[PDB]
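Notes for the one structure printed next.
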Ligand SMILES: [Cl-]
Ligand SMILES: [Fe+3]
Ligand SMILES: [Fe+3]
């Protein structure tokens, strides 16, 4: 039994199903592969097409999953899709009424066209299974829990008919207990409020990071007008007929004005975030207080996008409502994609399930063999210096103890949003200053943002308060208190409220990363590291070796440790040897608007990424001419001849566009098949 | 007592308040000026920025109205805006949460900014009055009816809180009897349905033109699942949680497939339009039978945008529920803007009302003095020949009896969507072939589109069944049956169901246009003329003399009659003397997309209009280079020298862009102040 799980929309690499298809239409595209009930490969398409939370069809993810399994497309017994057929087709039909030039291609045709054109795979209709969305979420969360019975809660933005569902789980059978309609969505509520802070889709976790800086008292009674807790685990959200946002009208009427980009986060912004987070905590704990005592289950599995609210999870852990809580590293729609495979298996035969709790999210493609990685790093020689230490982990722990900030790239990439020791940036967790600088200089993000620690399993309870239920901490699912007598010691990773979104690494969850953290603790007395995701502000978590080196070279990291190679940037790196490549969404434009006296205005030149929400940047006339000559094979230095040579100014302009990922800059060639 | 009425959004000429601001956010911008209770000027902003149903701030319209009244901005005593302040500001606030770069300027500050920058007018806060939306509609519909009291029904897309409102009007007092909530919008229902026909916003009236070709029976039972008629003049529309369209999910589930662009209208599409029209009719006649009997009133004023459903209006007239019915020529939001002026007058002190029933919509700017028209037409000499007959009307009637299609342009432009003798295209109403003739080769639009007759007051009852109530027919508000013994005689203007959207012209409503239709009747025995709006497929109704000449020269009209001048196109018109000017929304673009093997891909040159739903066209590299040098003063011929001269190929390419109005093409200078 080999089964493919699919989620996302159906757009090709270079176009979308309709022009500028909204980023909210079936996002976080991913593919997962289960064999004999075990999750053998999973990767989000964003990692391969480099568009965060992408809606595009996860063609590359399917290809990578098959390769990791050693399978051909014909080996796949079934394909599950994470929504019912009528729902996804009704939404496509809606988009087609708005875009009368678009061909009437519904999901079955589009899935089969993509697999046929993209993989040479003729999928039989009888192998395609559409699955209720919250059923897919629940299967994913519960089957990886290691529990043989549980309460399973799913809360997300929405399924086909519900924003929340409660299941009883026993053996491999799911039995629905309750649901909550779409307009009560806590995902929708959190996103509605997120837009008031100058943030958008996908930024909710940043708002969660802001909330502990605020006092929930300021806006508590305002948010209380937007919901009512009702008897027997019910609740209500109070909508409005003014605009499609539950939150902005009332807060506008009370004088709250939405933050603008580039403005600071005031105390009122912080308090708003705090009152929002408390609101969702109050609702979910109300749901669970009721269903704990009603269903009688002492164990909980929590999935759906809302289960990525780690503060909420930490409160559930401390609530005492349950003895055990489990959360999957991919509780958003990539996990529903995985759950759709289990559901598809269930509908065609018997359901085979994992035999153990999931401990590792290291499930994507790896970086390559020993030899192909060494050969590819040689291709980067004009930009990097490379050492091959006898014991890279020993050396990396020493560098960390010396205050270096490291890129850390090993093996198979993490499924789900958290970096966990395979595509990480790590630093000493003790100095508070590391938080200040890694926010400001390395990740280039807001100073309020917290940093998550990783700790060895053996030392975890010396630093963090894990009391209450037994939660799984392999995937940073839970915020927990830092023990008070350790808060000064852990300056970089203790949040303003004394908590931390902890990763507890063990020899079984992540042997190499555990050894790193253990050795560091032996050197310093503190077996704790800061662990943030390996990506700059313009990209998802890095995937390939070229991704890793590119990111190292365009962030202000000290050293890169990749598959036991020690990489440093050269004193003067020769950008001219890099070959520019368009991304499938890269566009160049020369534009004139109207000018004075109805003249044609002055020319300007821009590069942009053609997808909804894509960035854009002004370019000089010389860079515009240089980039128009890009062929995929010629180096940047040879290209720059035609505009009179790669001046330092052109190299600097190119470097800034590289940092923002408007195009691919890498040595000639590639690493080859893995 | 001089009062300015305002409706629309707040965007400048060349940008929108938020980028690509949806065409549905406060559309049909307009300005109205009342003085001592009389409407002295009104024009829609679309006529001036040449963007159909524009949302942009009606700055030009305000300027034109002030000039028509001989007023300084400072002479205005009060300004009324057609929505309450909290509602429009809440919608702007919602736009601003979606665009965190947009500065937080709300409606009061934007109104003052546009008037200060645009007119030097410093508007005191005390002079700006915001109005309930359906109240503005109701004042405008009722106060121009000539009635002493009436039942007033308003049905539109939505106001701040309702989609329908019912008033009793007496003297100048409005008393609210009932309302219907936003989700019951019949404007909303009609537009949702319209999308299924490959049409969009603003195309509803085309769907109404299609409905008689269809049989309402085939989808009657399907539409019946979407609404329920209830006691006490109540009804319900049955929504869905699938997509924001009432209509598409159910019709998709029954195998209805939305029409694609360029596809013919099938019999299914025709029957769909027929069942949709029957539905809104059934609901509104159900509202009206309950409120005619409950209120006991024999007079009805019907307003809001749904009151432009001419077929519905004819059915109301024939229902016997009322003795009198009045419909305003601008019952859409431009009329709400007018009605906001009256409400502002009632707020600040005392309200004065018009002395008589409105007979003429001729309220916009005029074409100019006879001396400046002659002078400006001489500027067009390299493209046209002009005659100055002794009696243009006499000549025009003969030319029409000879079978020519005329442009007819006189005096002040029509307020509201119907042409009525001031910006019209007129032809013989007798020949059936004139429909396909003027659709295909003049309006360049669909063939099913019926044409409307204008008839003298004296002959009206010889041709049209005006029985039932006494309706006002000066504005083409009602569809009425053509008498069966006249249907063959009126071949061009009788729909497939024997009906016609008639204009009855009188010496009182439009003297010149009356004399024209009378004379043609003396010459032919048929005092009826086909009357369609003076615009091609790419523009609103033409406004200025330059608009009139441009439209005549870019359509296939035989002759243009404009202010007693007879205009024909020269055998070989010299396009080279035309000065090209960018419109404020004109953008000229060279584009490179992504290519195979990650190269810089296809190079294209395009012109487009930068507003939501704006057209675009590919251009040749040569025209791209020529249009880039447009300075607003150099002629097309002189600009063409820089690329080798105005060749026939280039002149043809430019002409096709001119026809689509991508840029302004006109002789040097302008007509000057009117
Ligand atoms: Cl009242
Ligand atoms: Fe979900
Ligand atoms: Fe309205």
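Expressed to the nearest 5 percent, the antiparallel share of DSSP beta bridges inside the protein assembly as shown is 75 percent. One quarter of the convex hull surface built on the alpha carbon atoms of the protein assembly as shown amounts to 51.0 nm², the projected area averaged over directions. Distances between equivalent label points of residue A:608 across the copies, with each point positioned 7 Å along Cα→Cβ, amount to 0.8 nm, shortest listed first.
Computed extension length for residue A:371-residue A:260: 35.0 nm, one decimal, from 0.36 nm per residue of separation with the Cα-Cα distance subtracted.
Taking other Cβ atoms within 10 Å as a rough exposure proxy, B:451, A:478 sort from fewest to most as B:451, A:478.
Taking every DSSP beta bridge that has both ends in chain A, the antiparallel portion is near 75%. Measuring between their Cα centroids, region A:432-476 and region A:126-140 lie 34 Å from each other.
In this entry, chain B is assigned a mean projected area of 30.6 nm², taken as a quarter of its C-alpha convex hull surface. Which shape class, rounded, prolate or oblate, goes with region A:103-154 when its Cα gyration tensor gives a ≥ b ≥ c as root eigenvalues, a/c under 1.5 marks rounded, and past that a/b bigger than b/c marks prolate? Prolate, because a/c is 1.5 or more and a/b exceeds b/c. By the Kirkwood approach, averaging reciprocal distances over each pair of separate Cα atoms, region A:356-405 gets a hydrodynamic radius of 13.9 Å.
For region A:531-674, the spherically averaged projection of the C-alpha convex hull amounts to 11.1 nm².
The rotation axis taking chain A to chain B passes closest to this chain A residue's Cβ, listed with the gap in Å: A:590, 2.
Only helical DSSP H runs with n ≥ 4 go in: add -39500 (n - 2.57) per run for chain A, normalise by residue count and round the 222 nm mean residue ellipticity to 500 deg cm²/dmol. List each step's numbers first, then the result.
Values: 21 runs with 216 residues, N = 674.
That comes out to -9500 deg cm²/dmol.
Which of rounded, prolate, oblate describes region B:52-202, given a ≥ b ≥ c as roots of the alpha-carbon gyration tensor eigenvalues and a/c under 1.5 marking rounded, otherwise prolate only if a/b is larger than b/c? Here region B:52-202 falls in the oblate category. Legend: ranking of residues B:428, A:556, B:648, A:564 from fewest to most surrounding C-beta atoms inside 10 Å; resulting order B:648, A:556, A:564, B:428.
The fewest-to-most ranking of B:208, A:476 by surrounding Cβ atoms within 10 Å reads B:208, A:476.
In nanometers and ordered shortest first, the copy-to-copy spacing of the residue A:670 label point, defined 7 Å from Cα toward Cβ, is 5.7.
For peptide B:241-254, the mean count of partner chain Cβ atoms within 10 Å of a residue's Cβ comes to 5. Judged by the mean number of other Cβ atoms found within 10 Å, the most tightly packed of the peptides B:147-154, B:468-475 leads the ranking B:147-154, B:468-475.
Provide a whole-number value for the mean count of partner chain Cβ atoms within 10 Å of the Cβ atoms in peptide B:582-591.
Partner Cβ neighbours, averaged per residue: 6.
Over region B:459-507, all Cα pairs binned in 5 Å intervals from 0 give whole-percent P(r) values of 4, 23, 34, 25, 12, 2, 0, listed from short to long. Using the average count of surrounding beta-carbon atoms within 10 Å as a protection proxy, the listed peptides B:439-447, B:540-548, A:194-202 rank, highest first, as B:540-548, A:194-202, B:439-447.
Considered as an equivalent ellipsoid built on the Cα gyration tensor, region B:151-288 has semi-axes of 29, 15, 14 Å, the largest given first. If you look at the Cα atoms of region B:160-234, you get an Rg and a Dmax of 15.9, 46 Å.
Projecting 7 Å from Cα along the Cα-to-Cβ direction, the label point of residue B:462 sits 11.0 nm from its equivalents in the other copies, listed shortest first. Take each residue of peptide A:596-604, count the partner chain Cβ atoms within 10 Å of its Cβ, and average: the result is 6.
Backbone-built Cβ (ideal geometry, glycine too); neighbour counts: all protein chains shown. Read-outs: derived from the displayed coordinates by stated rules, not from any lab.
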